[PDB]
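>>> everything below, folded, please.
(chains A, B, C, D and E, ligands or ions: 26)
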Amino acid sequence: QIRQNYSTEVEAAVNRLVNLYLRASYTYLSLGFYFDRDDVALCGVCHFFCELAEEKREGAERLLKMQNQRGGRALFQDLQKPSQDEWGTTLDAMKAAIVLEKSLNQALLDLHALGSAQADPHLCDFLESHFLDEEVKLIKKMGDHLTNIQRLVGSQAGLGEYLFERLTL
Amino acid sequence: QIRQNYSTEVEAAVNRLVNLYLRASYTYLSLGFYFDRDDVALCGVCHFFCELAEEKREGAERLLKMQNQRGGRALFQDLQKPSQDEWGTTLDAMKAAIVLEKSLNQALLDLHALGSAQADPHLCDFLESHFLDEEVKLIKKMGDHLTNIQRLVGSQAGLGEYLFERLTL
Amino acid sequence: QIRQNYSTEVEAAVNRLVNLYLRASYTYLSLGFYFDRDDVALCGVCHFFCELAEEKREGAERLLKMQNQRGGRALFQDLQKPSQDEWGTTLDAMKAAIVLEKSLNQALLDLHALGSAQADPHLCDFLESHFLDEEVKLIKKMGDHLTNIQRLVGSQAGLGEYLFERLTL
Amino acid sequence: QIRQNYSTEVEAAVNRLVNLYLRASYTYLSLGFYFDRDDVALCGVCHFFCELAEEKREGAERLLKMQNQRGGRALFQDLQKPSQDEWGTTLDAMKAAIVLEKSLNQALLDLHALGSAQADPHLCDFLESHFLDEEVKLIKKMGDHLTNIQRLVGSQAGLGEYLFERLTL
Amino acid sequence: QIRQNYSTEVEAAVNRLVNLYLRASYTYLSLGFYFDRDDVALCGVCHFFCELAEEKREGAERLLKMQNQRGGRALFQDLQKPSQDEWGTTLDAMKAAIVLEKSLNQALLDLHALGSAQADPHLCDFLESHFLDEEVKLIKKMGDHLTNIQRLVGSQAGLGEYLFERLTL
Ligand SMILES: [Au+]
Ligand SMILES: [Au+]
Ligand SMILES: [Au+]
Ligand SMILES: [Au+]
Ligand SMILES: [Au+]
Ligand SMILES: [Au+]
Ligand SMILES: [Au+]
Ligand SMILES: [Au+]
Ligand SMILES: [Au+]
Ligand SMILES: [Au+]
Ligand SMILES: [Au+]
Ligand SMILES: [Au+]
Ligand SMILES: [Au+]
Ligand SMILES: [Au+]
Ligand SMILES: [Au+]
Ligand SMILES: [Au+]
Ligand SMILES: [Au+]
Ligand SMILES: [Au+]
Ligand SMILES: [Au+]
Ligand SMILES: [Au+]
Ligand SMILES: [Au+]
Ligand SMILES: [Au+]
Ligand SMILES: [Au+]
Ligand SMILES: [Au+]
Ligand SMILES: [Au+]
Ligand SMILES: [Au+]
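Residues are numbered from 1 along each chain as shown, chains lettered A, B, ... in the order given. Ligands and ions are numbered 1, 2, ... in the order given. For reference, the structure is listed below:
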């Protein structure tokens, strides 16, 4: 047995956080393929979301690795289908992405508060090291994108959506 | 004599498909030079169509080579002049290109159905190997372009046509 | 408008000359594939004619480019099928090729005489620069080949046709 | 057990096709050594057939590998001695080689028809991928050679046989 | 004395053509600096015209060199100030540039007609070699630019002028 200072409550919340990262990965998978449709065709938006799918997957994998390192047991649940089949405009999609990110970020903060109350400094360090700053950086970037997308709608939405995709993404 | 399992019906349809690829080549030749006119001047649209002329020619040449490999006899017909002397906007041109591509693709599918009914698996493989996936890929790309061109017309068609040509093509 | 010192008569004759180069290209296409037949199988003769197809195409493309540069309008006609479906011996084929070349060359000379009468020195230079010397060089080469092919028929035509293809082409 | 969608009929026909490729290999072995005899001495003809021996062997080996991959059982029979001890002229030999190739090719086509009736698309793909086009290419090449050999017999058969071997093979 | 077959009429017209190239150079000098004004600030338009100033100067220098080579005497006149102190929009400027180019081109054609009537084939070659095709190419390019500038005015002239300068020039 290696397990030491690792509460059952932290273990369960780690498994839930894995499910949340894998669900986010799947959402981004769906977002990316929507933007590859012939009737949507925004290559840069596609690559943005498919890159996010991969980051969220890797996030999950790091959590699973840590779960094993601490002597927890990984437990997998169903992955819920993404919340939409079609994602609207780049604007709608980027709003939905930031809502999702803020939910992951809140889950990280809740897990951290749990870690602190359980006096589990390895867990707190792990989150700080690999998750909290990355999520803050990602959210700031999405925020910046959203501001630029919004700036570009004005009178000519098609034009703005095209330019954004060509010159930013 | 090398000829084996090669029906006269397949042979004739191969010669027709050659004529269709060469005609497509000629259409793209005309499309490219229209976009090089001083009063049209869309360099990127020109290069897109002149690249297509060359692919369609090479398509024809591969069919002719296969015709000879199987012991068929190449038979050439007149090449019909393209359907238009002037091709309108990039939008009109890209619509016309996708109509042409869907007609080639239908001809490939009809030749394949013939091959299958004649039990000619070399022909079916040949089409699969070098034509069916290429045409599907090309059509998807045209579809994507058309979506972006359309997105860009909105209120300011000149502006959109220029941007598309500079930033996509 | 860019057009200057460019007569409608020159413009039409340029379009006709394009048709003649594309027709020549198509003839050479047919000549090349005839020599790739399993029952003809003269690899070097094939490569000679397929190289000519490509030169004639490029000739056409240079004419079209010049048509646009001068502010003329390219107009495409049907391309007539080559004059033969089967081309006989290398000798017959090379005779037919030199007849075709002399017809292109006469058309270049007629266009030049037109240019001179219209006082269009850009056109005269263009023809001199890229067409007249090339055609003269090509015809001399064909002439040389024909002399060597003829020398080789004598009593043993098969033998001579094989040697020519292996040691010259 | 790995075996899935793999009929006993396909399995048996695969073993027969292996025997046919190994027999062809052996025939080419005999053809090559006949042309290395001091009283035949046609080095290029020898290398042509010994290269074919090796291709036919490799063909057999790919079939055996696939047999194992699908969970079939390889079963070996006697290899029949080649049909001739002495192979005559390069012409006779090349005719005999094309007869042999057309028999392999018919066996491939029969196995493919079997695959299609058994709804075994892995087998159909395997044949298409590695056998059908290769055999078609090889037969076309033999056909070309035969045409050139025949062209060369005329009045002076020794001369023609020597030239062919030096300048083509 | 080297002078041979070089008429006094050609000599004078060569000196006039030098004055016309130097005047064009000076016009382009003025055009370039207008577009470098802080209240105009179109860097790409500036570089386009300053590059033209240099080409026109070099044109003059080649004419002077040829004048000396033939044993003519260079005679210099006043260079007339450009026709405008301020050049308006990129559109106005490009129209004015094409008017100027068509005037040079007409002068080249008139000098050529003179050369032909004086039976001075060195002069005709010189013009053909270094001036007639270059001017035709330059005019076609200006024509293309003008078409794209015009396409871009539509409703939002400032926007179009900026994009043209950033993405074409
Ligand atoms: Au994607
Ligand atoms: Au993508
Ligand atoms: Au802590
Ligand atoms: Au901490
Ligand atoms: Au903490
Ligand atoms: Au083009
Ligand atoms: Au082009
Ligand atoms: Au099939
Ligand atoms: Au198939
Ligand atoms: Au099929
Ligand atoms: Au060829
Ligand atoms: Au060839
Ligand atoms: Au002339
Ligand atoms: Au001339
Ligand atoms: Au002339
Ligand atoms: Au051998
Ligand atoms: Au050998
Ligand atoms: Au099939
Ligand atoms: Au199949
Ligand atoms: Au298949
Ligand atoms: Au099949
Ligand atoms: Au400047
Ligand atoms: Au500048
Ligand atoms: Au002259
Ligand atoms: Au001349
Ligand atoms: Au002249």
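
>>> what helix or strand does residue A:162 sit in?
helix A:157-167 (DSSP states H and E).

>>> give me the buried positions along stretch A:96-111.
Using 16 or more other CB atoms under 10 Å in any protein chain shown as the test for burial, stretch A:96-111 gives A:96-98, A:100-101, A:104-105, A:107-108, A:111. C-beta: built from backbone N, CA, C; applies to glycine.

>>> again, but for stretch A:81-88
A:82, A:87.

>>> same check on stretch A:36-53?
For stretch A:36-53, the neighbour count (16+ other CB under 10 Å) marks A:36, A:40-42, A:45-46, A:48-50, A:52-53 as buried.

>>> so can I have TSV of the residues you listed showing distance to residue E:77 and secondary structure?
Shown next, in TSV, are these (distance: CB to CB, whole Å; DSSP: H, G, I helix; E, B strand; the rest coil):
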residue	distance to residue E:77	secondary structure
A:36	66	coil
A:40	65	coil
A:41	61	coil
A:42	61	coil
A:45	63	helix
A:46	64	helix
A:48	64	helix
A:49	68	helix
A:50	68	helix
A:52	70	helix
A:53	73	helix
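
>>> which one of the residues in chain A is closest to ligand 24?
residue A:166 (51.3 Å; CB to the ion).

>>> that residue: neighbour count?
Residues within reach of residue A:166, counting by other CB atoms under 10 Å in any protein chain shown, total 17.

>>> give me the spatial nearest neighbour of it, chain neighbours excluded.
Leaving out its chain neighbours, the residue that sits closest to residue A:166 by CB to CB, 6 or more residues apart in numbering or on different chains is residue B:167, at 4.5 Å.

>>> do you know how far that neighbour is from ligand 3?
From residue B:167 across to ligand 3, the span is 49 Å (CB to the ion, to the nearest Å).

>>> ok, that residue - contacts?
For residue B:167, the contacting residues are A:162-163, A:166-167, E:167, by CB atoms under 8 Å, 6 or more residues apart in numbering or on different chains.

>>> what do you get for residue A:1?
residue A:71.

>>> can you check residue A:52 too?
A:24, A:28, A:31-32, A:97.

>>> which residues does stretch A:125-141 contact?
Residues outside stretch A:125-141 that contact it (CB under 8 Å, 6+ apart) are A:55, A:59, A:62, A:66, A:98, A:101-102, A:104-105, A:108-109, A:111-112, A:115.

>>> around ligand 5, which positions in chain A sit nearby?
Within chain A, the residues that sit near ligand 5 (CB under 5 Å from the ion) are A:116, A:124.

>>> residue of chain A nearest ligand 5, please.
In chain A, the residue that lies nearest ligand 5 is residue A:124 (4.3 Å; CB to the ion).

>>> helix/strand/coil for that residue?
The three-state assignment at residue A:124 reads helix, by DSSP: H, G, I helix; E, B strand; the rest coil.

>>> that one touches residue A:117, doesn't it?
No. Residue A:124 lies out of contact with residue A:117 (CB atoms under 8 Å); the separation is 10.5 Å.

>>> interface residues of chain A facing ligand 2?
Residues of chain A lying close to ligand 2 by CB under 5 Å from the ion are A:46-47.

>>> what sits closest to residue A:150 if chain neighbours are left out?
residue A:91 (6.9 Å).

>>> and what of residue A:97?
Counting by CB to CB, 6+ apart, the residue nearest residue A:97 is residue A:142, at 6.0 Å.

>>> quick one: the helix or strand containing that neighbour to helix A:157-167, angle?
Assigned by DSSP H and E, residue A:142 belongs to helix A:133-153. Taking axes from the mean of the first three to the mean of the last three CA atoms, to 10 degrees, one finds helix A:133-153 and helix A:157-167 inclined to each other by 140 degrees.

>>> would you mark the buried spots in helix A:133-153?
So, applying 16+ other CB under 10 Å, buried residues of helix A:133-153: A:135, A:138-139, A:142, A:145-146, A:149, A:152-153.

>>> could I have the CA atoms of it written out in PDB?
The C-alpha trace of helix A:133-153 is given here as PDB (Å, rounded to 0.1, in the frame of the first residue of the first chain):
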ATOM      1  CA  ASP A 133      -2.600  28.800 -14.300                       C
ATOM      2  CA  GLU A 134      -3.300  26.900 -17.500                       C
ATOM      3  CA  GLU A 135      -7.000  27.400 -17.100                       C
ATOM      4  CA  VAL A 136      -6.600  31.100 -16.200                       C
ATOM      5  CA  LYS A 137      -4.300  31.600 -19.400                       C
ATOM      6  CA  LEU A 138      -6.800  29.800 -21.600                       C
ATOM      7  CA  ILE A 139      -9.800  31.800 -20.300                       C
ATOM      8  CA  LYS A 140      -8.000  35.100 -20.900                       C
ATOM      9  CA  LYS A 141      -7.200  34.000 -24.500                       C
ATOM     10  CA  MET A 142     -10.900  33.100 -25.000                       C
ATOM     11  CA  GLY A 143     -11.900  36.400 -23.500                       C
ATOM     12  CA  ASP A 144      -9.600  38.200 -25.900                       C
ATOM     13  CA  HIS A 145     -11.000  36.200 -28.900                       C
ATOM     14  CA  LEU A 146     -14.500  37.000 -27.800                       C
ATOM     15  CA  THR A 147     -13.800  40.700 -27.700                       C
ATOM     16  CA  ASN A 148     -12.400  40.600 -31.200                       C
ATOM     17  CA  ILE A 149     -15.200  38.500 -32.600                       C
ATOM     18  CA  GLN A 150     -17.700  40.900 -31.100                       C
ATOM     19  CA  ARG A 151     -15.900  43.900 -32.400                       C
ATOM     20  CA  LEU A 152     -16.100  42.400 -35.900                       C
ATOM     21  CA  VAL A 153     -19.900  41.600 -36.000                       C
END
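
>>> if we can go back for a sec, of the buried residues of stretch A:96-111, closest to ligand 7?
Closest to ligand 7, out of all of these and judged by CB to the ion, is residue A:97, at 39.1 Å.

>>> check the gap between that closest one and residue A:166 for me.
Separation of residue A:97 from residue A:166 (CB to CB, to the nearest Å) stands at 20 Å.

>>> repeat for residue A:99
Distance from residue A:99 to residue A:166, counting by CB to CB: 26 Å.

>>> equivalent analysis for residue A:14, please.
Distance from residue A:14 to residue A:166, by CB to CB: 41 Å.

>>> hang on, the earlier thing: now the buried residues of helix A:133-153 as a markdown table including distance to residue C:18?
Below are the buried residues of helix A:133-153 laid out as a markdown table (distance: CB to CB, whole Å):
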| residue | distance to residue C:18 |
| --- | --- |
| A:135 | 63 |
| A:138 | 57 |
| A:139 | 60 |
| A:142 | 55 |
| A:145 | 50 |
| A:146 | 54 |
| A:149 | 48 |
| A:152 | 45 |
| A:153 | 48 |
